[PDB]
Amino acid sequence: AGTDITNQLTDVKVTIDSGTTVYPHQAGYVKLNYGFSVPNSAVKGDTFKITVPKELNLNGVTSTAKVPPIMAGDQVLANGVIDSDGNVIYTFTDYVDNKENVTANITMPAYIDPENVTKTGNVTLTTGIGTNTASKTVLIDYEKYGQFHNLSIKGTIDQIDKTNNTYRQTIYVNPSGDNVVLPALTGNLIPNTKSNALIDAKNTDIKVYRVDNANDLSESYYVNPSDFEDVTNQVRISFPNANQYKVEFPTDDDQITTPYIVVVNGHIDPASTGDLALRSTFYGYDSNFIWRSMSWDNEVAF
């Protein structure tokens, strides 16, 4: 009944707009742009496909993606969904019925997929409509964890669900593989901010994994738990202050020598108009019994 009219589009212009480098953990994105002329024969229910590469997703830090409708003035020309291959299928409305000379433009942001692109390095991104494609080689740079003397830490936020008011934060503690004596981690709101995070025994769930080979760690902060050793039951998780958690890492010799992954599944306050603004602080001694801390801030604008 409906026809795939991809091949009948004309004047198809596809561009990937970015700089030389994309920094996913800075919430960097590329802009995907598509312009085309629609055939006069097009009717309601006709479709076309945008091919999106496996290196990209359309959701970014959010759990689900919503494809923007293609507009003709203040009317909807086409509605889009993401199929199971990650490609976008647009279906034309009755706007095209009894119209000629119809043209369209649509732009949407796209994000580097952390499961598909686990490491820093060049990737060639290709997108298209039919055999009309665009390609661009870009450096994907996840940059490095923070370090202060023998203390290292970094975290990233993903899986923000604004319907169910949830978020995920993945933290690497001691990714440098230093010796840290009497380590502790706290998770907090960033000072001098209206932050929408609810951190407490009800709202926060924490899993901890020991990393026996640091080469197994993704630079993208994609984590498959089965790759690591779940040690949740051997750490001590508490909530000593309002909107703060603490994790202690007791060991038989009072130090750690390996990285740990801390996976926080938390909640957002729907009453807040603030941003999701989190501070992770790692504490410990070095071998000269100097007590230090270092913090890592993650912030997602709402």
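Residue numbers here begin at 1 and follow the sequence given.
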Look over 141-149 and 97-105 in the entry and identify the one with the greater average Cα temperature factor. 97-105
Mean CA temperature factor from the deposited coordinates, higher in 180-188 or in 220-228? 220-228
In the PDB entry, which of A277, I261, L58, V43 has its C-alpha at the highest B-factor? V43
One of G128, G73, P175, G155 has the largest Cα B-factor in the entry, namely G73
Looking at the entry's B-factor column for C-alpha atoms only, identify whether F36 ranks in the lowest, middle or highest third of its chain. highest
Name the third of the chain's ranked CA B-factors that contains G86, choosing lowest, middle or highest. highest
If you rank every modelled residue in this chain by C-alpha B factor, which third holds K162: lowest, middle or highest? highest
Divide the modelled residues of the chain into thirds by Cα B-factor and specify which third, lowest, middle or highest, holds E299. middle
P68: CA B-factor among chain residues, third -> highest
